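Undergrad: What follows is the file run_27.pdb, containing PDB, C-alpha atoms (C1' of nucleotides) and all ligand atoms:
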```pdb
MODEL        1
ATOM      1  CA  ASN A   8      26.935  -1.797  26.104
ATOM      2  CA  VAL A   9      24.278   0.701  24.991
ATOM      3  CA  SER A  10      21.523   2.106  27.200
ATOM      4  CA  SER A  11      18.906   2.983  24.566
ATOM      5  CA  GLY A  12      17.762   0.944  21.617
ATOM      6  CA  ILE A  13      14.968  -0.241  19.362
ATOM      7  CA  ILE A  14      13.074  -3.538  19.493
ATOM      8  CA  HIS A  15      11.438  -4.527  16.212
ATOM      9  CA  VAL A  16       8.616  -6.970  16.953
ATOM     10  CA  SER A  17       7.261  -8.333  13.669
ATOM     11  CA  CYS A  18       4.156 -10.520  13.960
ATOM     12  CA  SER A  19       3.434 -12.347  10.731
ATOM     13  CA  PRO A  20       0.238 -14.442  10.717
ATOM     14  CA  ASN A  21       2.460 -17.527  10.356
ATOM     15  CA  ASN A  22       5.393 -16.694  12.655
ATOM     16  CA  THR A  23       6.965 -13.960  14.780
ATOM     17  CA  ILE A  24      10.384 -12.316  15.022
ATOM     18  CA  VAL A  25      11.915 -10.054  17.681
ATOM     19  CA  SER A  26      15.083  -8.142  16.762
ATOM     20  CA  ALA A  27      16.844  -5.945  19.323
ATOM     21  CA  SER A  28      18.886  -3.299  17.523
ATOM     22  CA  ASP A  29      21.015  -0.225  18.045
ATOM     23  CA  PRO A  30      19.057   3.051  17.692
ATOM     24  CA  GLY A  31      20.322   3.326  14.121
ATOM     25  CA  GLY A  32      20.521   0.072  12.166
ATOM     26  CA  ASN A  33      23.010  -2.621  13.208
ATOM     27  CA  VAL A  34      20.782  -5.166  14.921
ATOM     28  CA  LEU A  35      22.450  -6.501  18.054
ATOM     29  CA  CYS A  36      20.499  -9.706  18.686
ATOM     30  CA  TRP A  37      17.503 -11.526  17.266
ATOM     31  CA  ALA A  38      15.146 -14.394  18.037
ATOM     32  CA  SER A  39      12.064 -16.044  16.589
ATOM     33  CA  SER A  40       9.542 -18.785  17.266
ATOM     34  CA  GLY A  41      11.595 -21.110  15.078
ATOM     35  CA  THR A  42      14.768 -20.546  17.087
ATOM     36  CA  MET A  43      12.722 -21.096  20.254
ATOM     37  CA  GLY A  44      12.205 -24.691  19.117
ATOM     38  CA  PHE A  45       8.552 -24.479  18.104
ATOM     39  CA  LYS A  46       7.917 -26.001  14.688
ATOM     40  CA  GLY A  47       5.099 -26.006  12.182
ATOM     41  CA  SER A  48       1.803 -24.385  13.095
ATOM     42  CA  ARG A  49       2.742 -23.866  16.748
ATOM     43  CA  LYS A  50       4.975 -20.959  15.696
ATOM     44  CA  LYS A  51       1.917 -18.724  15.136
ATOM     45  CA  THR A  52       0.558 -18.978  18.692
ATOM     46  CA  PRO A  53       0.912 -15.960  21.011
ATOM     47  CA  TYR A  54       2.663 -18.113  23.627
ATOM     48  CA  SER A  55       5.570 -18.722  21.249
ATOM     49  CA  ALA A  56       5.798 -14.981  20.585
ATOM     50  CA  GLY A  57       5.920 -14.381  24.328
ATOM     51  CA  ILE A  58       8.678 -16.972  24.701
ATOM     52  CA  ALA A  59      10.750 -15.336  21.955
ATOM     53  CA  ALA A  60      10.214 -11.882  23.446
ATOM     54  CA  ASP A  61      11.211 -13.172  26.882
ATOM     55  CA  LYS A  62      14.433 -14.743  25.618
ATOM     56  CA  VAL A  63      15.492 -11.676  23.642
ATOM     57  CA  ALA A  64      14.550  -9.412  26.563
ATOM     58  CA  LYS A  65      16.641 -11.452  28.995
ATOM     59  CA  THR A  66      19.551 -11.560  26.542
ATOM     60  CA  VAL A  67      19.609  -7.824  25.922
ATOM     61  CA  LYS A  68      19.043  -7.008  29.604
ATOM     62  CA  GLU A  69      22.094  -9.105  30.480
ATOM     63  CA  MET A  70      23.833  -7.220  27.674
ATOM     64  CA  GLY A  71      22.834  -4.130  29.648
ATOM     65  CA  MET A  72      20.330  -1.723  28.102
ATOM     66  CA  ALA A  73      17.584   0.269  29.817
ATOM     67  CA  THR A  74      15.351   2.210  27.406
ATOM     68  CA  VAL A  75      13.606   0.600  24.432
ATOM     69  CA  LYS A  76      11.475   2.018  21.634
ATOM     70  CA  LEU A  77       9.253  -0.862  20.526
ATOM     71  CA  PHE A  78       8.511  -0.857  16.781
ATOM     72  CA  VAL A  79       5.537  -3.152  16.255
ATOM     73  CA  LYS A  80       5.130  -4.547  12.744
ATOM     74  CA  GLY A  81       2.851  -6.970  10.946
ATOM     75  CA  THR A  82      -0.672  -8.246  11.504
ATOM     76  CA  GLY A  83      -0.330 -11.533  13.364
ATOM     77  CA  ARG A  84      -2.193 -12.575  16.503
ATOM     78  CA  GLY A  85       0.285 -12.480  19.395
ATOM     79  CA  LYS A  86       1.089  -8.833  18.738
ATOM     80  CA  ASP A  87       0.516  -7.868  22.394
ATOM     81  CA  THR A  88       2.021 -10.952  24.057
ATOM     82  CA  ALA A  89       5.515  -9.741  23.156
ATOM     83  CA  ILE A  90       4.581  -6.280  24.446
ATOM     84  CA  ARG A  91       3.536  -7.715  27.803
ATOM     85  CA  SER A  92       6.609  -9.966  27.886
ATOM     86  CA  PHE A  93       8.922  -6.975  27.488
ATOM     87  CA  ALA A  94       6.913  -5.014  30.061
ATOM     88  CA  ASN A  95       7.241  -7.899  32.534
ATOM     89  CA  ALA A  96      10.966  -8.034  31.768
ATOM     90  CA  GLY A  97      10.936  -4.418  32.919
ATOM     91  CA  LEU A  98      12.866  -2.447  30.308
ATOM     92  CA  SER A  99      11.787   1.192  30.130
ATOM     93  CA  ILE A 100       9.344   1.240  27.212
ATOM     94  CA  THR A 101       9.438   4.744  25.741
ATOM     95  CA  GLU A 102       7.602   4.516  22.405
ATOM     96  CA  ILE A 103       4.974   2.135  21.046
ATOM     97  CA  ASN A 104       5.262   3.166  17.392
ATOM     98  CA  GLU A 105       3.695   0.826  14.820
ATOM     99  CA  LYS A 106       5.352   0.564  11.389
ATOM    100  CA  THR A 107       3.525  -2.161   9.504
ATOM    101  CA  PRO A 108       3.754  -1.335   5.752
ATOM    102  CA  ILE A 109       0.577   0.238   4.373
ATOM    103  CA  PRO A 110       0.215   0.795   0.617
ATOM    104  CA  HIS A 111      -1.403   3.767  -1.090
ATOM    105  CA  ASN A 112      -3.196   1.506  -3.599
ATOM    106  CA  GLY A 113      -0.014   0.330  -5.315
ATOM    107  CA  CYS A 114       0.865  -3.220  -6.421
ATOM    108  CA  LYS A 115      -1.681  -6.011  -6.859
ATOM    109  CA  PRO A 116      -2.161  -8.339  -3.858
ATOM    110  CA  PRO A 117      -2.402 -12.120  -4.342
ATOM    111  CA  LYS A 118      -5.620 -13.937  -5.146
ATOM    112  CA  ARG A 119      -8.223 -14.620  -2.473
ATOM    113  CA  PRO A 120      -8.106 -18.239  -1.248
ATOM    114  CA  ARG A 121     -11.371 -20.158  -1.276
TER     115      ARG A 121
ATOM    116  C1'   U B   1     -57.322  16.787 -40.222
ATOM    117  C1'   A B   2     -54.308  18.178 -44.737
ATOM    118  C1'   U B   3     -52.830  22.820 -48.298
ATOM    119  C1'   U B   4     -51.957  27.889 -48.818
ATOM    120  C1'   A B   5     -51.575  33.391 -47.096
ATOM    121  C1'   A B   6     -50.352  35.567 -42.746
ATOM    122  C1'   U B   7     -50.129  37.267 -36.991
ATOM    123  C1'   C B   8     -48.768  35.657 -31.366
ATOM    124  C1'   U B   9     -45.668  33.608 -27.401
ATOM    125  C1'   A B  10     -46.872  29.586 -23.922
ATOM    126  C1'   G B  11     -43.175  24.579 -26.656
ATOM    127  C1'   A B  12     -37.946  24.615 -28.325
ATOM    128  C1'   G B  13     -33.484  27.431 -29.068
ATOM    129  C1'   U B  14     -30.071  32.068 -28.725
ATOM    130  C1'   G B  15     -27.944  36.291 -25.902
ATOM    131  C1'   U B  16     -26.689  38.683 -21.047
ATOM    132  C1'   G B  17     -26.229  37.587 -15.510
ATOM    133  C1'   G B  18     -25.540  34.049 -11.450
ATOM    134  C1'   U B  19     -22.972  28.531 -10.939
ATOM    135  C1'   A B  20     -21.867  23.359  -9.196
ATOM    136  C1'   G B  21     -19.221  19.543 -10.720
ATOM    137  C1'   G B  22     -13.690  12.296 -10.055
ATOM    138  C1'   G B  23     -17.342  15.072 -17.859
ATOM    139  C1'   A B  24     -13.149  14.169 -21.870
ATOM    140  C1'   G B  25      -8.262  14.365 -24.343
ATOM    141  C1'   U B  26      -2.820  15.903 -24.462
ATOM    142  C1'   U B  27       1.803  17.166 -21.637
ATOM    143  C1'   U B  28       4.524  17.389 -17.100
ATOM    144  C1'   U B  29       5.112  16.379 -11.509
ATOM    145  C1'   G B  30       4.668  13.773  -6.489
ATOM    146  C1'   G B  31       4.538  10.265  -2.145
ATOM    147  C1'   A B  32       3.641   5.544   0.401
ATOM    148  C1'   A B  33       4.354   0.063  -0.785
ATOM    149  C1'   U B  34       6.300  -4.455  -3.403
ATOM    150  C1'   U B  35      10.665  -6.432  -6.179
ATOM    151  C1'   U B  36      15.795  -6.444  -7.630
ATOM    152  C1'   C B  37      20.669  -4.669  -6.899
ATOM    153  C1'   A B  38      24.726  -2.246  -3.636
ATOM    154  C1'   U B  39      26.703  -1.427   1.344
ATOM    155  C1'   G B  40      26.881  -2.266   6.965
ATOM    156  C1'   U B  41      25.024  -5.333  11.893
ATOM    157  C1'   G B  42      23.662 -10.840  12.706
ATOM    158  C1'   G B  43      23.856 -15.975  13.131
ATOM    159  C1'   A B  44      19.844 -20.979  11.979
ATOM    160  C1'   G B  45      16.394 -21.200  10.210
ATOM    161  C1'   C B  46      12.650 -18.595   6.750
ATOM    162  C1'   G B  47       8.421 -19.772   3.991
ATOM    163  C1'   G B  48       3.800 -22.386   3.769
ATOM    164  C1'   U B  49      -0.630 -25.179   5.813
ATOM    165  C1'   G B  50      -6.448 -28.042   8.503
ATOM    166  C1'   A B  51      -1.446 -30.706   9.088
ATOM    167  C1'   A B  52       2.646 -30.682   6.064
ATOM    168  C1'   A B  53       5.688 -31.172   1.960
ATOM    169  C1'   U B  54       7.940 -28.954  -2.686
ATOM    170  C1'   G B  55      10.899 -24.156  -2.222
ATOM    171  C1'   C B  56      14.707 -20.390  -0.247
ATOM    172  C1'   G B  57      19.164 -20.685   3.504
ATOM    173  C1'   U B  58      26.477 -21.264   6.660
ATOM    174  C1'   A B  59      28.023 -19.256  -1.237
ATOM    175  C1'   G B  60      25.303 -15.976   5.488
ATOM    176  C1'   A B  61      18.485 -16.512   4.304
ATOM    177  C1'   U B  62      14.279 -14.112   7.344
ATOM    178  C1'   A B  63      15.204  -9.472  10.055
ATOM    179  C1'   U B  64      17.308  -4.406  10.506
ATOM    180  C1'   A B  65      19.378   0.702   8.422
ATOM    181  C1'   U B  66      20.891   3.664   4.195
ATOM    182  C1'   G B  67      21.032   4.327  -1.201
ATOM    183  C1'   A B  68      19.916   3.377  -6.410
ATOM    184  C1'   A B  69      16.788   1.473 -10.620
ATOM    185  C1'   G B  70      12.214   0.463 -12.862
ATOM    186  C1'   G B  71       7.121  -0.797 -13.412
ATOM    187  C1'   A B  72       1.894  -0.638 -12.063
ATOM    188  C1'   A B  73      -2.025   1.363  -9.073
ATOM    189  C1'   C B  74      -3.257   6.359  -6.807
ATOM    190  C1'   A B  75      -4.415   5.066   1.564
ATOM    191  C1'   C B  76      -6.995   8.933   4.596
ATOM    192  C1'   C B  77     -10.629  12.714   1.976
ATOM    193  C1'   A B  78     -14.783   8.761   0.394
ATOM    194  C1'   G B  79     -20.438   9.753   1.624
ATOM    195  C1'   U B  80     -28.074   6.889   4.480
TER     196        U B  80
HETATM  197 MG    MG C 201      -2.253 -17.283  -1.704
HETATM  198 MG    MG C 202      15.032   0.107   1.960
ENDMDL
END
```
Turn this file's structure into structure tokens for me.

TA:
Amino acid sequence: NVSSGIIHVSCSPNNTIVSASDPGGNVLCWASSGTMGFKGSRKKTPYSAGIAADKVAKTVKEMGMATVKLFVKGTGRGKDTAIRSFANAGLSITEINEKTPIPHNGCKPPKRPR
RNA sequence: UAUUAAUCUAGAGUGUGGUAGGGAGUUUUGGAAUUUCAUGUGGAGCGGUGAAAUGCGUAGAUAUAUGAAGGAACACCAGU
């Protein structure tokens, strides 16, 4: 019932999440590779991210919005598959802002696996 | 060569004039980010891996927005 909104596309290296939300807080729908039905390691493939983006795009288009600001987050692999899925869905993409957390040399990261 | 009695400025210092620095200690201040807590939206997974399983989750997790608390370290500048 709202024309403009935000789409948070978080791409973890292990999984992906797409949350369609009102311009200020109050997420309106959400989807992820797990809710798609993919399980285990298949959740981290770009195709699963595209599937999740397509489902959420169809859902929110039937809900009836037009303009989307796409907030890209994380450092996965299928970071652009969701972008192309939304573009193919056809919602008016206005902004491509990226908001993956960057630190200013605070907090100690985990150990390096070997 | 050593000792003694002296002179000299070229070694080494001192003064005046230019001057570059993440040199050191003490006392205040700041912003990103993680975590926890509080309050809204939401509804089945999240997390993790070579693949999974312990684990967290309908007592409403992951996500999203706002606020508070505290701790540690100070992106970019940053380098033939
Ligand atoms: Mg590790
Ligand atoms: Mg916050």

Undergrad: Could the residues of chain B within 6 Å of chain A, counting only C-alpha atoms (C1' of nucleotides), be given as a PyMOL selection string, please?

TA: chain B and resi 32-33+41+64-65+73-75

Undergrad: Output the residue selection produced by the PyMOL selection byres (((not hetatm)) within 9 of (chain C and resi 201)) on the file above, formatted as a PDB file with C-alpha atoms, in the coordinates of the input.

TA:
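The result, stored in result.pdb:
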```pdb
ATOM      1  CA  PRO A 117      -2.402 -12.120  -4.342  1.00  0.00           C
ATOM      2  CA  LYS A 118      -5.620 -13.937  -5.146  1.00  0.00           C
ATOM      3  CA  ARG A 119      -8.223 -14.620  -2.473  1.00  0.00           C
ATOM      4  CA  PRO A 120      -8.106 -18.239  -1.248  1.00  0.00           C
TER       5      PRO A 120
END
```

Undergrad: Using all atoms listed in the file, which residues of chain B come within 12 Å of ligand MG 202 (chain C), and what is the closest atom pair for each, with the distance in Å to one decimal? Give it as JSON lines, sorted by chain and residue number.

TA:
```
{"residue": "B:33", "atom": "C1'", "partner": "C:MG202", "partner_atom": "MG", "distance": 11.0}
{"residue": "B:34", "atom": "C1'", "partner": "C:MG202", "partner_atom": "MG", "distance": 11.2}
{"residue": "B:35", "atom": "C1'", "partner": "C:MG202", "partner_atom": "MG", "distance": 11.3}
{"residue": "B:36", "atom": "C1'", "partner": "C:MG202", "partner_atom": "MG", "distance": 11.6}
{"residue": "B:37", "atom": "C1'", "partner": "C:MG202", "partner_atom": "MG", "distance": 11.5}
{"residue": "B:38", "atom": "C1'", "partner": "C:MG202", "partner_atom": "MG", "distance": 11.4}
{"residue": "B:39", "atom": "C1'", "partner": "C:MG202", "partner_atom": "MG", "distance": 11.8}
{"residue": "B:64", "atom": "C1'", "partner": "C:MG202", "partner_atom": "MG", "distance": 9.9}
{"residue": "B:65", "atom": "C1'", "partner": "C:MG202", "partner_atom": "MG", "distance": 7.8}
{"residue": "B:66", "atom": "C1'", "partner": "C:MG202", "partner_atom": "MG", "distance": 7.2}
{"residue": "B:67", "atom": "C1'", "partner": "C:MG202", "partner_atom": "MG", "distance": 8.0}
{"residue": "B:68", "atom": "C1'", "partner": "C:MG202", "partner_atom": "MG", "distance": 10.2}
```

Undergrad: Could you tell me, as a list in words, exactly which residues end up selected when the PyMOL selection byres (((chain A and resi 105) around 6) and not hetatm) is applied to this structure?

TA: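 With the PyMOL selection byres (((chain A and resi 105) around 6) and not hetatm) on this model, the match is residues 78, 79, 80, 104 and 106 of chain A.
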
Undergrad: In Å, with one decimal, what is the gap from atom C1' of residue 62 of chain B to atom CA of residue 50 of chain A?

TA: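 Computing the Euclidean distance for atom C1' of residue 62 of chain B and atom CA of residue 50 of chain A yields 14.3 Å.
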
Undergrad: Could you tell me which residues the PyMOL selection byres (((chain A and resi 8) around 9) and not hetatm) grabs in this file, written as a list in words?

TA: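 Going through the file, the PyMOL selection byres (((chain A and resi 8) around 9) and not hetatm) ends up selecting residues 9, 10, 70, 71 and 72 of chain A.
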
Undergrad: Please provide the set of residues having any atom within 10 Å of residue 57 of chain B, restricted to only C-alpha atoms (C1' of nucleotides), with same-chain residues fewer than 4 positions apart removed, written as a PyMOL selection string.

TA: chain B and resi 44-46+61-62

Undergrad: Interatomic distance between atom CA of residue 103 of chain A and atom CA of residue 61 of chain A?

TA: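 If I compute the distance from atom CA of residue 103 of chain A to atom CA of residue 61 of chain A, I get 17.5 Å.
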
Undergrad: Work out how far atom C1' of residue 40 of chain B is from atom CA of residue 93 of chain A, in Å to one decimal.

TA: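 Going from atom CA of residue 93 of chain A over to atom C1' of residue 40 of chain B, I get 27.7 Å.
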
Undergrad: Using only C-alpha atoms (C1' of nucleotides), what residues lie at most 12 Å away from (-9.8, -26.3, 6.6) (file coordinates), given as a ChimeraX atom specification?

TA: /A:120-121 /B:49-51

Undergrad: List as a PyMOL selection string: which residues have an atom within 8 Å of (8.4, 6.2, 23.0), counting all atoms listed in the file?

TA: chain A and resi 75-77+100-104

Undergrad: Kindly output segment 8-30 of chain A as a PDB file, keeping the file's coordinate frame, after building N, CA, C and O atoms.

TA:
```pdb
ATOM      1  N   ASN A   8      26.071  -2.903  25.716  1.00  0.00           N
ATOM      2  CA  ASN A   8      26.935  -1.797  26.104  1.00  0.00           C
ATOM      3  C   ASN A   8      26.292  -0.455  25.769  1.00  0.00           C
ATOM      4  O   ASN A   8      26.932   0.591  25.872  1.00  0.00           O
ATOM      5  N   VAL A   9      25.026  -0.491  25.366  1.00  0.00           N
ATOM      6  CA  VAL A   9      24.278   0.701  24.991  1.00  0.00           C
ATOM      7  C   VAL A   9      23.008   0.751  25.831  1.00  0.00           C
ATOM      8  O   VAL A   9      22.386  -0.282  26.092  1.00  0.00           O
ATOM      9  N   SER A  10      22.638   1.956  26.271  1.00  0.00           N
ATOM     10  CA  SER A  10      21.523   2.106  27.200  1.00  0.00           C
ATOM     11  C   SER A  10      20.181   2.155  26.478  1.00  0.00           C
ATOM     12  O   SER A  10      19.183   1.617  26.970  1.00  0.00           O
ATOM     13  N   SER A  11      20.135   2.805  25.321  1.00  0.00           N
ATOM     14  CA  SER A  11      18.906   2.983  24.566  1.00  0.00           C
ATOM     15  C   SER A  11      18.964   2.189  23.270  1.00  0.00           C
ATOM     16  O   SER A  11      20.023   2.018  22.665  1.00  0.00           O
ATOM     17  N   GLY A  12      17.805   1.702  22.849  1.00  0.00           N
ATOM     18  CA  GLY A  12      17.762   0.944  21.617  1.00  0.00           C
ATOM     19  C   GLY A  12      16.350   0.762  21.114  1.00  0.00           C
ATOM     20  O   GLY A  12      15.389   1.285  21.683  1.00  0.00           O
ATOM     21  N   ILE A  13      16.240   0.006  20.025  1.00  0.00           N
ATOM     22  CA  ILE A  13      14.968  -0.241  19.362  1.00  0.00           C
ATOM     23  C   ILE A  13      14.720  -1.741  19.366  1.00  0.00           C
ATOM     24  O   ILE A  13      15.661  -2.532  19.262  1.00  0.00           O
ATOM     25  N   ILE A  14      13.464  -2.134  19.539  1.00  0.00           N
ATOM     26  CA  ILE A  14      13.074  -3.538  19.493  1.00  0.00           C
ATOM     27  C   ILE A  14      12.020  -3.674  18.406  1.00  0.00           C
ATOM     28  O   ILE A  14      10.879  -3.234  18.581  1.00  0.00           O
ATOM     29  N   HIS A  15      12.390  -4.277  17.282  1.00  0.00           N
ATOM     30  CA  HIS A  15      11.438  -4.527  16.212  1.00  0.00           C
ATOM     31  C   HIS A  15      10.733  -5.852  16.460  1.00  0.00           C
ATOM     32  O   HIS A  15      11.367  -6.911  16.456  1.00  0.00           O
ATOM     33  N   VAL A  16       9.425  -5.790  16.680  1.00  0.00           N
ATOM     34  CA  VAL A  16       8.616  -6.970  16.953  1.00  0.00           C
ATOM     35  C   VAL A  16       7.697  -7.153  15.754  1.00  0.00           C
ATOM     36  O   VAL A  16       6.673  -6.470  15.637  1.00  0.00           O
ATOM     37  N   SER A  17       8.060  -8.060  14.854  1.00  0.00           N
ATOM     38  CA  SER A  17       7.261  -8.333  13.669  1.00  0.00           C
ATOM     39  C   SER A  17       6.415  -9.575  13.908  1.00  0.00           C
ATOM     40  O   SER A  17       6.939 -10.631  14.275  1.00  0.00           O
ATOM     41  N   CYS A  18       5.110  -9.447  13.701  1.00  0.00           N
ATOM     42  CA  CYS A  18       4.156 -10.520  13.960  1.00  0.00           C
ATOM     43  C   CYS A  18       3.477 -10.880  12.644  1.00  0.00           C
ATOM     44  O   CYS A  18       2.422 -10.339  12.308  1.00  0.00           O
ATOM     45  N   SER A  19       4.093 -11.784  11.894  1.00  0.00           N
ATOM     46  CA  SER A  19       3.434 -12.347  10.731  1.00  0.00           C
ATOM     47  C   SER A  19       2.314 -13.283  11.182  1.00  0.00           C
ATOM     48  O   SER A  19       2.356 -13.820  12.292  1.00  0.00           O
ATOM     49  N   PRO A  20       1.293 -13.485  10.349  1.00  0.00           N
ATOM     50  CA  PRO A  20       0.238 -14.442  10.717  1.00  0.00           C
ATOM     51  C   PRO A  20       0.745 -15.862  10.869  1.00  0.00           C
ATOM     52  O   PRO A  20       0.080 -16.674  11.522  1.00  0.00           O
ATOM     53  N   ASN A  21       1.903 -16.185  10.292  1.00  0.00           N
ATOM     54  CA  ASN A  21       2.460 -17.527  10.356  1.00  0.00           C
ATOM     55  C   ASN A  21       3.564 -17.688  11.389  1.00  0.00           C
ATOM     56  O   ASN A  21       3.807 -18.814  11.830  1.00  0.00           O
ATOM     57  N   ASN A  22       4.231 -16.607  11.782  1.00  0.00           N
ATOM     58  CA  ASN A  22       5.393 -16.694  12.655  1.00  0.00           C
ATOM     59  C   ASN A  22       5.660 -15.303  13.222  1.00  0.00           C
ATOM     60  O   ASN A  22       5.031 -14.320  12.823  1.00  0.00           O
ATOM     61  N   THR A  23       6.602 -15.226  14.160  1.00  0.00           N
ATOM     62  CA  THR A  23       6.965 -13.960  14.780  1.00  0.00           C
ATOM     63  C   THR A  23       8.480 -13.852  14.872  1.00  0.00           C
ATOM     64  O   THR A  23       9.197 -14.853  14.879  1.00  0.00           O
ATOM     65  N   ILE A  24       8.959 -12.612  14.939  1.00  0.00           N
ATOM     66  CA  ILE A  24      10.384 -12.316  15.022  1.00  0.00           C
ATOM     67  C   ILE A  24      10.570 -11.112  15.935  1.00  0.00           C
ATOM     68  O   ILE A  24       9.805 -10.146  15.862  1.00  0.00           O
ATOM     69  N   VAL A  25      11.568 -11.175  16.814  1.00  0.00           N
ATOM     70  CA  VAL A  25      11.915 -10.054  17.681  1.00  0.00           C
ATOM     71  C   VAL A  25      13.395  -9.763  17.483  1.00  0.00           C
ATOM     72  O   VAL A  25      14.243 -10.623  17.753  1.00  0.00           O
ATOM     73  N   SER A  26      13.710  -8.553  17.027  1.00  0.00           N
ATOM     74  CA  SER A  26      15.083  -8.142  16.762  1.00  0.00           C
ATOM     75  C   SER A  26      15.412  -6.918  17.604  1.00  0.00           C
ATOM     76  O   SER A  26      14.799  -5.861  17.430  1.00  0.00           O
ATOM     77  N   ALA A  27      16.378  -7.057  18.507  1.00  0.00           N
ATOM     78  CA  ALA A  27      16.844  -5.945  19.323  1.00  0.00           C
ATOM     79  C   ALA A  27      18.043  -5.307  18.634  1.00  0.00           C
ATOM     80  O   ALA A  27      19.033  -5.993  18.342  1.00  0.00           O
ATOM     81  N   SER A  28      17.960  -3.998  18.396  1.00  0.00           N
ATOM     82  CA  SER A  28      18.886  -3.299  17.523  1.00  0.00           C
ATOM     83  C   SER A  28      19.328  -1.983  18.148  1.00  0.00           C
ATOM     84  O   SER A  28      18.632  -1.386  18.978  1.00  0.00           O
ATOM     85  N   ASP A  29      20.506  -1.543  17.714  1.00  0.00           N
ATOM     86  CA  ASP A  29      21.015  -0.225  18.045  1.00  0.00           C
ATOM     87  C   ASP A  29      20.060   0.838  17.502  1.00  0.00           C
ATOM     88  O   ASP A  29      19.375   0.608  16.502  1.00  0.00           O
ATOM     89  N   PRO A  30      19.971   1.997  18.163  1.00  0.00           N
ATOM     90  CA  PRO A  30      19.057   3.051  17.692  1.00  0.00           C
ATOM     91  C   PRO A  30      19.111   3.326  16.199  1.00  0.00           C
ATOM     92  O   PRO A  30      18.069   3.634  15.607  1.00  0.00           O
TER      93      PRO A  30
END
```
